[PDB]
6 protein chains.
Amino acid sequence: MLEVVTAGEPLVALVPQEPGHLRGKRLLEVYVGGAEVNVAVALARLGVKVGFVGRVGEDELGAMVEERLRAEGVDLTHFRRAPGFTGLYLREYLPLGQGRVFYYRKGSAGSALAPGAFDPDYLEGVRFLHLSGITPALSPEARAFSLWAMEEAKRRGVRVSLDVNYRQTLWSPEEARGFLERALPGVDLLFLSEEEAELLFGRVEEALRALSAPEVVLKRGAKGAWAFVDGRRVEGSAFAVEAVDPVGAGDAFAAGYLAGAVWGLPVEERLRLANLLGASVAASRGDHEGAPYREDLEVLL
Amino acid sequence: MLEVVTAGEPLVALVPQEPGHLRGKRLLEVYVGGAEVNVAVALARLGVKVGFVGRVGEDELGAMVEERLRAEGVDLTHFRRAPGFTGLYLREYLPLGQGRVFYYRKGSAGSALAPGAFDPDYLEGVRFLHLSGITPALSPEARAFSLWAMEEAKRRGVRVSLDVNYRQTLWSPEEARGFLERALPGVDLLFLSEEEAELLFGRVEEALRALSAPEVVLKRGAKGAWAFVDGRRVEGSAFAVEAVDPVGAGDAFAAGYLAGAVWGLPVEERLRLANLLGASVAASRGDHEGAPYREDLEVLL
Amino acid sequence: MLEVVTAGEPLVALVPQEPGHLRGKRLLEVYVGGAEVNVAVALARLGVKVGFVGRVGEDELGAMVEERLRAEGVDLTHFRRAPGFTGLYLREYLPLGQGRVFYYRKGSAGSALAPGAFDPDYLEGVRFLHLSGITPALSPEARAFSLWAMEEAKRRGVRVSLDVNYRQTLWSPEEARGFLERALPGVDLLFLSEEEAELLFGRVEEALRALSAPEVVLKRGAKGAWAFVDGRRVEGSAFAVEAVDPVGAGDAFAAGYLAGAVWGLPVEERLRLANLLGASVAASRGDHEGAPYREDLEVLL
Amino acid sequence: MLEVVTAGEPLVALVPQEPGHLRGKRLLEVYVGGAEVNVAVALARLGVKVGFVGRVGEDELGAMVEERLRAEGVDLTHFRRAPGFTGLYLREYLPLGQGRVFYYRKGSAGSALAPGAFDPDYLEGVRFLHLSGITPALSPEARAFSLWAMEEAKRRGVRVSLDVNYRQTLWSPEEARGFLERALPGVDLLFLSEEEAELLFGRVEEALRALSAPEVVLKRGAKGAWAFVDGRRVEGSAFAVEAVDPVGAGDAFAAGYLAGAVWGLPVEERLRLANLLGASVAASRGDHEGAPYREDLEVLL
Amino acid sequence: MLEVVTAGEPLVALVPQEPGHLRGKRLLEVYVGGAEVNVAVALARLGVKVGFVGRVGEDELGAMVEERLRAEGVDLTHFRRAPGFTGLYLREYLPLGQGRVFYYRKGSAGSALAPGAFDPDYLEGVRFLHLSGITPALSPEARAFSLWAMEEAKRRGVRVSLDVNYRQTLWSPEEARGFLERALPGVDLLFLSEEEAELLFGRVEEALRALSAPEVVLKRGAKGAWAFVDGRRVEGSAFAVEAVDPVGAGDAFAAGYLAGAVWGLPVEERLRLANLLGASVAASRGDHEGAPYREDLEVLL
Amino acid sequence: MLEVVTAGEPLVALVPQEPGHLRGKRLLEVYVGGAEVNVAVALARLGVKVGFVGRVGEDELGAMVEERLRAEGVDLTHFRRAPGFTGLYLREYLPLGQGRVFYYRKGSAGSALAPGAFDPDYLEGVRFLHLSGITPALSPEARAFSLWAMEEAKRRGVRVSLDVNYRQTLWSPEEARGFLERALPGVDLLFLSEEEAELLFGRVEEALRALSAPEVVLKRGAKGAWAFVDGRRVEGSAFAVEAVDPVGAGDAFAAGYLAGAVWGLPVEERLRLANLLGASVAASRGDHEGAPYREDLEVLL
């Protein structure tokens, strides 16, 4: 039976093989990405029974997504190729670090997602349903879907996990704020970064007061992070490693924290776990390439 | 002074390094393409003073187009990066030959092109203005632009060359038909393929009766081609070479025929020339990679 | 429900990117191979519901096999990683064509395969069970397994297909002969090459008299091939294409013929089909890379 | 109108894709380089109207230089291919850092450069004329040219900028010294490194006393640098970044400082700017690959 | 005349081009390795007359080993291809550093090595005979060979150098211990790492008391190392460099220390030398790629 | 004992990975070349004991030559790195076939070669001494050396083989002519191409009358070739294979013919042999890459 279920829009990442401006490259590497996706994979790699829900176009890129998911062991009960196209994007990491991103996903088969996108009973018996603030920002359908989705998970005694992920590209801090204030009630687990808190509540302080979910984790760059449960605030291990491709650590981290919880581990181990994931993906090129496999933890144990 | 002026939407081609389904590749080569573009380059490579008109987004891909054009020696007097994005596409050539294409260009800065896109006086003194049936199919703006453009060329005693290039993706054979019937009057030189004639007039025969422009050249796959001028019909050299990447020979050919004319060469040499170009580009990976340089003809002479 | 079930030892192919002696290369491409495997994939790619049975080590190479199979859509109900290692091999194609192969598979987790390796009921309702003469040559366990396996398929009204594939490396023509004579009784469909018939019966003639299975297909290099059913002998289309990497066409072919039969097609179409597969894989680098997908036939139709 | 004009000998760099001895590599990357060139590009990339003066052979490598310059937007009014060959060089960066260089430029079309190499009126209205101590070291022609050149710039109210760049390969510290003492009078802006000062004046102290130009900037490795204007000595930001390919930062830096001045920015910003450039190029493979573009500063602003 | 002679089993390393799990790679680089081999090369590169003794299969990989050795200048008087196969192995370096290795060498032509494997007179006049604790761990033949070998070197006034190199894969700490206690008497020079001392004597302290050879060097990670001669304990330069591929530094180091001794240099220089080697190889991909050449020291001098 | 001895200047070839103008490439492959060198290797690969004589600079490229030669099994008794640099060149193969070459070898350590370059006794007992018309064209030293060299071979009963190889780049048809007329007397075996005969004697007919050496072989493109011995004229097998990189077949061929003779084979087999070599190298990228190994002939036998 599935332990975790996530949902979102899959995207294909195109990335240069080395730092520098995209304008100058002539060879791009192809990777499969998408927050929720990055997360499903990570979990899948750790032995967690997880299912992904989403759509992709009936194009070669869609096929690729599917193969990849299927290969990783993700449950695609409610995932399929549909008329339309698959969203993709181009990335570029500058020498001194200033990255920039370009999207080509508006109107993709995957950005459809509307309430009822799958059969709710799917959620039954499941531990968690994870989502990203990116999905609801795509379209009003999605927005609705999202609300609908956790509503249903709640209704089924399924824990709702949410990684804020504010994309200025998709919407305003006000809209984002509006969304959250409407959504928070149904959230049990929330993932957030400092910038995001600052950028939407002025200070990482107010944000906490406002968004007081049962459990909230705050990513704080390389300064570890803090977990907030039972009025308690455990701090996580900070990491002195340099980013290779920090483009998916955020998701890896969450996944990591998720796996811990799914295994009913003390907040300390969950964090520990989460950085471990984040670290690994950050240390590798690709959205979720670098995500470790269960047997790795085992040896590392 | 410019001898030739072409206009269209530039696109960035992404192509696998070897036959096979895109879904399986993980490394894509980056090339600059776009019918009119492919043509401007070819000519440029041959010593022809040519100018390109069009727009691209203010993105790294746009920058790339520009560098490439600039490097080739194309006149960019009326070419520039503008707000928006640059259109791109992914290609894939199957083992047995069934290729398939995926676009990501709708709404691109380059698909804007509306009448007056540049200063008409530019056209002055110019020998030819070349266009592709792809441009007017992009948007009504373009459609209008096209008409406008040759109108202006005509008005300036500039020869109008047109490569049909019917894209089913952009529109219907009816619309295409409608366009042509309205445009033909102002065409002096027309490039056409058998399938296109068949696909829009039932037979390569009727098409000829209907579209009787001063000079018409019919591409007939590897069976050479025929030139129609002065009620005469010269046949061109057929070529027994195998295609590597036939994705731009059509343009190369045209360019080739154009260079010939610009040099006031007998229809025989123009054809000869045209196949030569087509052959070379077809024998090379990339949209217009393979286009020979003037000094090459010289040695080949 | 599964239409086809195959079983064998998966192997990882390491191959230079271009002709020449392995001793000189410094970059090897990694491919997944193994007769039965190559076949399962081909079918899988064609829409056929097929399942693979076998084992691989608990190593990164094993993981790779699995991902690949899983991605292709193969049923792995009775496939898994087990203690031990994964067999692999290095290939090398010489300029003038003299290839040579090096194995590193003896004692691999995959070469275990003993009778009962999976639950026989799996076979139920299945059309065919395919095997290669390579498997029984690996070990006495395998040898036994093989016999056991078709015994069970027979017992379930499942058609037994066998591709001889004599490997001198594994055993002698006598042993091979011994095996066949003991196995033929249970074979409904047999795939064979001229050299193999010559090499084990003196002449491609005697081999036929001796190994008279309900249906036998003889691969005859580029001279087409012959099908023997109902005392009839249809000849297949010969192919004038040059081999790129002929290392798996043999399997592709079989798969091709299998798909045809599974679809209940006239022997003529099955052959036609088979060469088509063989040709495509032969025209591509990699063991089964080049295997076409169902939708390809469709366009080709 | 041109804001900056530089002149020198263009060279083609050949570099291994990774650290190690050249003797062991078998694949070399091709880059366009040459102090003055590296600088023209950098500026060009920043929006500065700059022109380059120099010669290259009538070879494929020359053509390459030209394409590259042309693509970057450099004014080639007085740049052209001429009989002869194009200078090139091979580089190699060792694991522990000990690099070594090999030249193949003696007698190149580009090392000709003699007084009058271009029309002086070109210089008119221009802000600065930049040169490197490498040029005059090439040949007595060049040496003369150099003197001639700034003489002419002076004569036109054009600021003379000079990056010492002592190459032991080309000449002795005495000759270098001799040159400078003869040239300094006409220099308004001088770029220098500590080693060079030490290596030619014993101490970075004496060098300053001796070479007291209106404005002098001293590169001091990663310890920032110092600017000397109006008896004042501003210090620049030191940078804690590791060199990827420090082979052109020196030029990038200068360019950077130049752009600042051209924009009439306070010495502080000029430095800031200069390190920024240097840093970026140093963080990238290639002579001037890594040089940022104007719109980058903008975002970085 | 040979100054140094080493002996062991050559192996072919297969390594991914970048960090990550082997299961995910699809391109592996081919390198020649094997402790003793890595060492012979290093020395060879430094101008030291050294000879290698060992066997490899009559396969393409064997040929490769030979070419490589031959190219490096190693004396192969008693080295040859013999029936059988060549051992090889696959490596994989994880993002966070946890490497893992996979062997395919059991039963290789090279693991034969039995007493008398070569003519003892070879050893005559030689300075040192170097060995690794890996060889005797391969097989009882080898084990015997080893003992035999230094016995013979001793008998010829040849210094015996031994790099412990405990491989848990080959045997137990007890067996290893047993071996050493039996071998130490004939050792003049011993190389050891902290872990190994800890892992076989509880503490790096006891190990020293137990294994008191004339000269013993203890590798201590990046904390330099200590040399033990004449009741004295010189400490070596610690190195603040990050490992690229630390897979052969251990050997490089030893070689380095060997070259020093062969040149009769003070222990200080020998260490200095040794780290230098280790550092260089560690800073490069490949088993012994990165090993510097004599003329490099010269420039570095 | 050496069977063959050749001498010349080694050069490093830099070549694009695919057809097209060098100006556009950005990645060049590194190969070791040089007529005589190409030949020594070929022979070496065939089991022939051959020695090479020549010099290279004390640079990383020189080192490379040496490793390569050494790895191939060539006798370097009289080969060494000397002060100076190593000659190199860049190649480029155009789509339609018009290749062009660029040298950077004038004044190289290797172009020194003067009479007495090695000890004549080396030649003793040797079957043949092979040379190319390229060497004497390099410098008057070389020119003298050449004469000197065969003089010495003659004096030692060593057969003199010469491959004309007229390089217009090095000298005039007159000088070439002058050289030959002075050298022919001492030639026993001469290799020549039609163009060369035409280009230096008007007709392939006169050339034969003029240059009547004991044995002369005329390369005639793909139309086989003719051997002239004992007033007889055997014709060789023509080859219907397409050139990949025809840049060294000429040498391969010669080598091939040489091996035959060294093995005392009938002129028919020598030719047969020669085309075989030429074909193989022509079918491969690189100067002599593609040269087959003895064991290959064996299988091919």
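Residues numbered from 1 in each chain as written, not as in the entry; some residues may be left out. Chains lettered and ligands numbered in written order. Heavy atoms only, no water.

## Structural notes on the overall build of chain A
A tally of regular secondary structure across chain A gives ten helices and 13 strands. Radius of gyration (C-alpha) of chain A: 18 Å, near the 19 Å computed for a compact globule of 301 residues. Taken over 301 residues, chain A has a buried fraction of 64%. In chain A, the proportion of contacts linking residues at least 24 apart, taken out of those at least 6 apart, comes to 72%. As presented, chain A carries roughly 11,400 Å² of accessible surface, and 52% of it is formed by carbon and sulfur atoms. In chain A, 34 side chains carry a positive charge and 43 a negative one; their mean positions are 2 Å apart. (Helix = DSSP H or I, 4+ residues; strand = E, 2+ residues; numbered from the N terminus. Rg over C-alpha atoms; globule rule 2.2 N^0.38 Å. Buried < 20%, exposed > 50% of the residue type's maximum accessible area, 1.4 Å probe, protein only. Contact = heavy atoms within 4.5 Å. Areas by Shrake-Rupley, 256 points an atom, 1.4 Å probe, with all protein chains shown as cover. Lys, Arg positive; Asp, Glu negative; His and termini not counted. Charge placed at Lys NZ, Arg CZ, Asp CG, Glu CD.)

## Description of the relation of the copies chain A and chain D
In screw terms, the move from chain A to chain D is a rotation of 120° and a rise of 0.0 Å along the axis, fitting with an RMSD of 0.0 Å. Viewed as a symmetry operation, the transformation between the two copies matches a three-fold axis. Both copies present different contact surfaces, since only 12% of the interface residues of chain A are interface residues in chain D too. (Least-squares fit on C-alpha atoms.)

## Some thoughts on the relation of the copies chain B and chain A
Mapping chain B onto chain A leaves a residual RMSD of 0.0 Å; the transformation is a rotation of 179° accompanied by 0.4 Å of translation along its axis. A rotation of that kind, with that shift, is consistent with a two-fold axis. Relative to the rotation axis, the C-alpha of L28(B) is the closest in chain B, positioned 2.8 Å from it.

## A short note on the pairing of strand β1 (residues 4-7) of chain E
Residues and elements named next belong to chain E. Residues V4 and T6 of β1 are buried on one face, and the alternating residues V5 and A7, pointing to the opposite face, are buried as well. Sheet topology places β1 next to strand β4 (residues 50-56); four bridges connect them, and they run parallel. Note on β4: the bridge partner recorded for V5 is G51. Pairing of β1 with strand β8 (residues 128-132), which is carried by three bridges, proceeds in the parallel orientation. When the sheet's bridge partners are listed, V4 is paired in β8 with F128. (Pairing = 2+ DSSP bridges.)

## Some details on the side chain of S111(F)
Within the secondary structure, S111(F) sits in the loop between β7 (100-104) and β8 (128-132). Among all residues touching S111(F), those that are not within four sequence positions of it are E9(F), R105(F), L138(F) and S139(F).

## Notes on helix α9 (residues 267-282) of chain D
Residues and elements named next belong to chain D. For α9, with 16 residues, the first-to-last C-alpha span of 22 Å sits near the 22 Å given by 1.5 Å per residue. With twelve of 16 residues buried, α9 lies mostly within the body of the structure. Of all the residues in α9, the buried ones are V267, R270, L271, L273, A274, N275, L277, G278, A279, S280, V281 and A282. Those residues of α9 hidden inside the fold are in contact with α1 (35-46), β11 (215-219), β12 (225-229), β13 (232-235), α8 (249-262) and α10 (294-299). (Expected span 1.5 Å × (residues − 1).)

## Quick word on the pattern of salt bridges
Inspection of the entire model under this criterion finds 132 salt bridges over all chains. A salt bridge links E72(B) to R68(B); its shortest N-O distance comes to 2.8 Å. Of the two residues, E72(B) and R68(B) both sit in helix α2 (residues 60-72), four residues apart, roughly one turn of that helix. Here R70(D) ties to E66(D) by a salt bridge, and the two come within 3.2 Å at their closest N and O atoms. One end of the pair is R70(D) and the other is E66(D), both in helix α2 (residues 60-72) and four residues apart, which spans about a single turn. (Salt bridge = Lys/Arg side-chain N within 4 Å of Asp/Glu carboxyl O.)

## Observations regarding the interface of chain A and chain D
Between chain A and chain D, the contact holds eight residues from the first and ten residues from the second. Taking both sides of the interface into account, the surface hidden between chain A and chain D amounts to around 780 Å²; carbon and sulfur atoms contribute 57%. Where chain A touches chain D, the interface holds two salt bridges. With a closest N to O distance of 3.9 Å, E295(D) and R23(A) form a salt bridge. (Buried area = accessible area lost by both parts, 1.4 Å probe.)

## Comments concerning the interface of chain B and chain A
Taken residue by residue, the interface counts 29 residues in chain B and 27 residues in chain A. When the area that chain B buries against chain A is broken down by residue, the three leading residues are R23(B), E60(B) and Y104(B), summing to 32%. As a salt-bridge pair, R23(A) and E60(B) come within 2.6 Å of each other at their nearest N and O atoms. Here chain B is connected to chain A by seven residue pairs in polar contact. Contributing elements (two or more residues each) for the side of chain B that touches chain A: β3 (27-33), α2, β6 (88-92) and β7 (100-104) of chain B. If one sorts the elements of the side of chain B that touches chain A by residue count, α2(B) sits on top with six residues. Taken together, the residues of the side of chain B that touches chain A break down into 14 nonpolar, three polar and twelve charged. Looking at chain direction, strand β3 (residues 27-33) of chain A and β3(B) are connected through three bridges and run antiparallel. Across the sheet, the residue bridging to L27(A) is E29(B), located in β3(B). (Polar contact = N/O pair within 3.5 Å; in protein donor to acceptor, adjacent residues only side chain to side chain. Nonpolar A, V, L, I, M, F, W, Y, C, P; charged D, E, K, R; others polar.)

## Thoughts on a nonpolar patch on the surface
Judged by side-chain polarity, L96(A), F239(D) and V241(D) come together as a nonpolar surface patch covering roughly 240 Å² of accessible area. Mapped onto the elements of the fold, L96(A) is located in the loop between β6 (88-92) and β7 (100-104). Owing to a relative accessible area of 38%, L96(A) belongs among the partly exposed residues under this scheme. (Patch = residues over 30% accessible without salt bridge, like charges linked within 9 Å, V, L, I, M, F, W, Y side chains within 5 Å.)

## Some remarks on unusual backbone geometry
All names here are of chain C. Look at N165: it is not a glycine, yet its phi comes out positive at around 45°. Structurally, the position occupied by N165 is in the loop between β9 (159-163) and α5 (173-183). Overall, the relative accessible area of 6% leaves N165 in the buried class. At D230, a residue that is not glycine, the phi angle is positive and equals roughly 55°. Mapped onto the secondary structure, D230 falls in the loop between β12 (225-229) and β13 (232-235).

## A few points about the sheet that holds strand β8 (residues 128-132) of chain B
Residues and elements named next belong to chain B. On the basis of which strands lie adjacent, the open sheet formed by nine strands has the order β5-β4-β1-β8-β9-β10-β11-β12-β13 and mixed pairing. A strand with exactly one partner marks an edge of an open sheet, and here the two such strands are β5 (79-81) and β13 (232-235). The average angle at which neighbouring strand axes cross in this sheet is 20°, direction not considered. Packed on one face of the sheet, helix α9 (residues 267-282) meets β11 (215-219), β12 (225-229) and β13 and runs near 40° to β13. (Axes fitted to C-alpha atoms, helices over the stretch in contact; angles between N-to-C directions.)

## Some details on the sheet that holds strand β2 (residues 11-16) of chain D
In space, the eight strands of this open sheet follow the order β7(D)-β6(D)-β2(D)-β3(D)-β3(F)-β2(F)-β6(F)-β7(F), with mixed pairing throughout. Across the chains shown, the open sheet's two edge strands, defined by having one partner strand only, are β7 (100-104) of chain D together with β7 of chain F. For this sheet, the mean inter-axis angle between neighbouring strands, taken without regard to orientation, is 30°. Bridge count for strand β2 (residues 11-16) of chain F against strand β6 (residues 88-92) of chain F is three bridges, and the pairing is parallel. Within β6(F), the residue paired with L14(F) across the bridge is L90(F).

## Observations concerning the arrangement of the chains
The smallest C-alpha distance separating chain C from chain D is 10 Å, and no contact links them. In this structure chain B stays clear of chain E, and the shortest span between their C-alpha atoms is 10 Å.

## Observations regarding the packing of aromatic side chains
One pass over the structure, following the stated rule, counts 54 aromatic pairs over all chains. Each ring, one from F118(D) and one from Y122(D), has its centre 5.9 Å from the other, and the planes form 70°; the classification is edge-to-face. Accessibility expressed as a relative area gives 7% for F118(D), which makes it buried. Relative accessible area serves as the criterion here: at 13%, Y122(D) is assigned to the buried category. The structure contains a cluster of three or more aromatic residues connected by ring pairs, namely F118(A), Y122(A), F145(A) and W148(A). Taking the ring centre of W226(D) as reference, the NZ or CZ of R220(D) above it sits at 4.0 Å. (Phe/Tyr/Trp six-rings, centres within 6.5 Å; stacked < 30°, edge-to-face > 60°. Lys NZ or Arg CZ within 6 Å of the ring centre and 35° of its normal.)

## Examining the pairing of strand β9 (residues 159-163) of chain A
All names here are of chain A. With respect to burial, β9 is a largely interior element, four of its five residues being buried. Pairing between β9 and strand β10 (residues 189-193): three bridges, direction parallel. Of the residues in β10, the one forming a bridge with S161 is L189. Each parallel crossover has a hand, and for β9 linked through helix α5 (residues 173-183) to β10 it is right-handed. (Right-handed = clockwise from strand over helix to strand, strands pointing away.)

## Quick look at helix α1 (residues 35-46) of chain F
Turn by turn, an α-helix covers 3.6 residues, leaving residues three or four places apart pointing in a common direction. Residues and elements named next belong to chain F. End to end, α1 covers 17 Å across twelve residues, agreeing with the expected 16 Å (1.5 Å per residue, within 8%). α1 sits mainly inside the fold: twelve of its twelve residues count as buried. Looking only at α1, the buried set comprises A35, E36, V37, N38, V39, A40, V41, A42, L43, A44, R45 and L46.

Everything listed here is a matter of geometry and, on its own, says nothing about what the molecule does.
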